[PDB]
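For reference, chains read A, B, C, D, E, F, G and H in written order, and residue numbers begin at 1 within each chain.
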């Protein structure tokens, strides 16, 4: 039985090569995680004022389907794997919240195939950003130029929030429609200023100062702050990709 | 025609064990992790308690008839039961006993949700 | 010959009781001369000696899919070819469980007839590419190449239990090598053949333009075996029989097949495909 | 099925925005500035004495408890003045200034670079590049030259 | 002017940023921030089985979406 | 020099199936993809049909001269033939027969293209 | 010596033809003594004995980069170091195709000259980091 | 109890050593970098010179008893000697004797301070 020992030796040497390969993925991952952790120290400041405009009370999902006509979802997935349950939990969330009037323009290569195979017709396409350069405001603007093609009524951005090295959870931004956001702003600017949800900030002086603001500038205010929201989604999912991959690498080892 | 399929599916699951133990479940196409979720169900369903091992498993022994075995595997093979969890197939005989085990598991899960609720409210 | 390993085990049981010296794996050592004395008697005699012959199809048991043992290596060393039956393919659903990349024949075209040469010369070139691509999970579900189509339909056609007449195989493989059976799906490839051999559709539905070429007479083998398909007087009739079989199938049967949703009829159709996989 | 195993938190909650009150007291003595480019801030809640913006309507200035307002930023320079009499200039690429009655500034921009890391020499070539683009009759290059000159001319006059 | 030409305010900001990154001196700041202006992404929409580029919106800033 | 260069290429080619089998072609530099293409082309180029194996292959063999066996390998070594596709090298003789095969594959490529157009217009 | 493994094969052929008792890999017992009778004659003698010296460079042929073979496992236990060559590197233009990780010289510095010690002290502290970097970095 | 606490300390320091390479030393809590400093003192404290090489290297060899070593390691674990620098524990023996090196290091540091101060004040 001189063959069985060669078969087992060959499997051993294969795994021995695979070990240094996964170790090379590990070190390459830490090379960009050390680069990207710097955002964590400079985190949670660029939307200190954006939320006061677009944030809302916890809306139900069964009501907006009846109010809306064509929803929209921006799930930000990844290009290459060994990440974890990120793309999987992001797919189980959409099928968990699936509904007839929806459409998905995602990001990342895994939402190319997974969404098309679990979501036959609702999914349309995706965007792919080669990670040779850090993301830019212009990339989020390219994402808004993709979203504007659809006459969407509410855009739910989904991404991965990095709370810590051992905490890469989900997170979302609920974006109303521009016309509907302006109607909510006009309806709110009249009545008395009262918060309808705990932890929600008052915004009446802002909604009136914006009420004086002309049309083109308010449209730039909306596309701007939605661009920052999208960009924060990308930077947070990028950090979550480089944060959970190391765990799904050391477990492979 | 049922047993020929059953052998085939486990044959694929064996090929995927070399990868899942390397990478994991999440690194597979939706077809593959489906076939895994179905083959884990089958292989767990292959077990049953015998009347002799009541001392060991502490469970009453079942006598699975031939016709109900083929109707169960054929139903499990065509995806007639995919929403059912994995553990409901463990150490049982007959699909009716499976769905009663699933009912017990769902009942206990809901009961622990009410219990964690009341434990949080009192706490 | 059934298991020759048992013909060596008996030789071992004798020599060792006779106080002969063992060797590798407890055999006497000269077992290679045993199998050579047996198998080199297999031959094709010269016309001086009547032009007779005798083929040998010895069978050798294997343990854990190894070809490293002593006896298996001494026998493969002698025999021209070998038909490797992999349990990983047997248990994989397909039967007979031959692994073509591991199994070879050191005769080639000079054995088979004029008609099978032109087919197998394409099938080898087909599998050479399919074996390289079939490891890929099919993602080009419509952009799948013709090779990924034909190779899989060809593997489905290989599924059998009993033997098939020569005539009833060349047409079935000609349908694939030219791409006629690329529109239907993979599962129904054998039922397509079951009609192509036993239920001539154009004879039933009146699409009778072929003068002679029909798959009921069953003696056209003796012409295919002589002239071959790639000929003046059989190519066009063959094309104007297969294109009709494809049209009648894709229009009458496939249209019904995709329209089934009931589990009671689904199971019935699945068992029908399995029956056609067995009887053919 | 499972009753909605997942519950993604609304990410807006992670930020702690102000509660702009109508004011039942006095005004602070110094603005609390918070400058932010694309995602990362350069200045987070620093006490500052004054700030001077460039907008489309014109050039504005701000002090503590300035009237509640929100507006664009023209592509140009931004001047800042601490309580210590010193100054800090930042070249910017558009943005939105968010001034409050409480006295708070949230200037969200695309880019924010100090003057120290800029050379007039490299700007010089880009000037005539922008002029040639503007003079080149083409809608694809004319407006690009008009915008390039729109961003160089403030720098051209700020450097001189 | 540039507004009615069809370009957006976001393309306007990105163009201005792309111009500002050119003039600033060479150092670690530019060495990092050029990443914030380089265009390297793309778009794809899945066919039945094949990949194809949804080129209805160009990534370059000079062009106009249509 | 040509023989040692090629062997060094193939020596790295093995170390690239170590990686490509796990990650993919996408995780490699263009200078790595180039040597991969060259090496894989060498691996298929060095094949040859023989007139004795006409029974097996059904294809005519080529008698390749030594001198012609150097300016073709070195050509592949310095990118003289990188636009040429992969399968033009498999089971052929000199570089003349390579380009003769590439013209044929491109001819049947335009064949499948015009037949696709005619099938789209016709149906 | 080019080479000892065929010397052992001959000793095997003789003992087995002489009906001597075999052992592992059909070698007799004293093959480790067969080599230790030889290699230990290699030495640096004393000034009382002429200061002579006999350096031995025994060659042994591995098979598929195995070292657990009986002969190689014994000769390594005898010698004052080894040199391990790799055909994976002989093909890659690294000629000689040494393998610095597995190669050992128990006489590290005391043999070398005054000019070499300062150099090798740097080269060890260069290749020690080269291997870690080339091993962890990607290929490209 | 001392030995097994040193074992748990060194094992924990090995884990934190396998985490610092990922996050950074500052990422750790106040208690974690405490035990990291203690482990860095312990592993240096395990280093002992020898009376053998005293002629070769010059340093003296210390024959430490058992009971004295226990009281030393127990002190090094109880936190009542943490202000001492790390390098003092390198290549010495006995807690009564390391402080001679610590004081010698503090005095030599104060000497270099006074030397730099007078060197700068003179000029």
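The working rule: a contact is a pair of C-beta atoms (placed from the backbone, for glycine too) under 8 Å apart; a residue touches a chain by one contact, two chains touch by 3 or more.
The chains that touch both chain B and chain F are A, C. When the C-beta contacts at F-G and at C-F are tallied, the pair with the greater total is F-G.
Chain A has the C-alpha centroid lying closest to the overall centroid of all protein C-alpha atoms shown.
Chain centres here are Cα means. That of chain A falls 49 Å from that of chain H.
As a whole-number value, the distance joining the C-alpha centres of chain E and chain G reads 62 Å.
Separation between the centroids of chain C and chain D, computed from CA atoms only, is 75 Å. The centroid of the Cα atoms in chain B and the matching centroid in chain G are 58 Å apart.
Contact with two or more other chains is made by residues 138 of chain G.
Along chain E, residues 9, 13-14, 17, 36 each make contact with two or more other chains.
Interfaces, counted as pairs of touching chains, are A-B, A-C, A-D, A-E, A-F, A-G, A-H, B-C, C-E, C-F, D-E, F-G.
On the chain C side of its complex with chain E, the touching residues are 138-144. Within the complex formed with chain C, the chain F residues making contact are 55-56, 58. Taken together, the chain A residues at the contact with chain E in this complex read 112-113, 116, 123-130, 132-139, 141-142, 144-146, 149, 216, 219-220, 223-224, 227. Only residues 4-6, 8-22, 34, 36-41, 44, 68-72, 96, 98, 100-101, 106, 108, 110 of chain D touch chain A when the two sit together in their complex. Of all residues in chain F, those touching chain G in their complex are 4, 7-8, 10-12, 15-16, 19, 27-29, 31-32.
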